[PDB]
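Before any comments, here is the structure.
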Amino acid sequence: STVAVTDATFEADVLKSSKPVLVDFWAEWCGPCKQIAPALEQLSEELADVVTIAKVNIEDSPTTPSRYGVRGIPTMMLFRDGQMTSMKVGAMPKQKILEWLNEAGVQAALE
């Protein structure tokens, strides 16, 4: 299952994580956000012990999206050792997100 992260818990759940985190920015009023919501509960379990998948609600926790320049939702951002390394805007098939995390993982290993 996915980790629900707030402004108060973001630095402990995400920036101090010992693993890549996929942070998903959403709002209860966005439709695409509800379209990809099942896909990320599947990736949460498929990628357990490899990638944490976090959900941040931009209406309850405004500071974290402000700090990273979110302009639309869904916005998915990958974090690695406290730093934001990549992002994807808009709804996206489950397999495109895997391809993106595979290439994020390859690129991080070669730097």
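Which whole-Hz couplings ³J(HN,Hα) result when phi for each residue of the stretch 87-102 is put into the Karplus expression 6.51 cos²θ - 1.76 cosθ + 1.60, θ = phi - 60°, listed in order with x for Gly and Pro?
Each residue of the stretch 87-102 in turn: 7, 9, 10, x, 4, 7, x, 4, 6, 5, 5, 4, 5, 5, 6, 5 Hz.
Listed highest first by mean packing, meaning other Cβ atoms within 10 Å per residue, what order do 90-103, 63-76 come in?
Peptide ranking by packing, descending: 63-76, 90-103.
Expected output is a single nm value to one decimal: the length gained when fully extending between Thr2 and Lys96, i.e. 0.36 nm times separation in residues minus the C-alpha distance. What is it?
32.0 nm
Give me the number: length gained by fully extending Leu110 to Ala27, i.e. 0.36 nm times residue separation minus the C-alpha to C-alpha distance, one decimal in nm.
The span from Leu110 to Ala27 would gain 26.4 nm if fully extended.
If you plug each phi of the stretch 2-18 into the Karplus form 6.51 cos²θ - 1.76 cosθ + 1.60 with θ = phi - 60°, what whole-Hz ³J(HN,Hα) values come out, in order, with x for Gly and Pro?
Rounded to whole hertz, the list is 7, 8, 8, 10, 10, 4, 6, 9, 5, 6, 7, 6, 10, 6, 9, 6, 8.
Among all the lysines, which ones have a C-alpha under 19 Å from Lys96's C-alpha, if same-chain residues fewer than 8 places away are not counted?
Output for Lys96: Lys34, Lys55, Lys88.
As a convention, Cβ positions derive from the backbone with ideal geometry for all residues, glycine included, and neighbour counts pool all protein chains shown. Any read-out appearing in this document is the output of simple, stated calculations on the displayed coordinates, not a laboratory observation.
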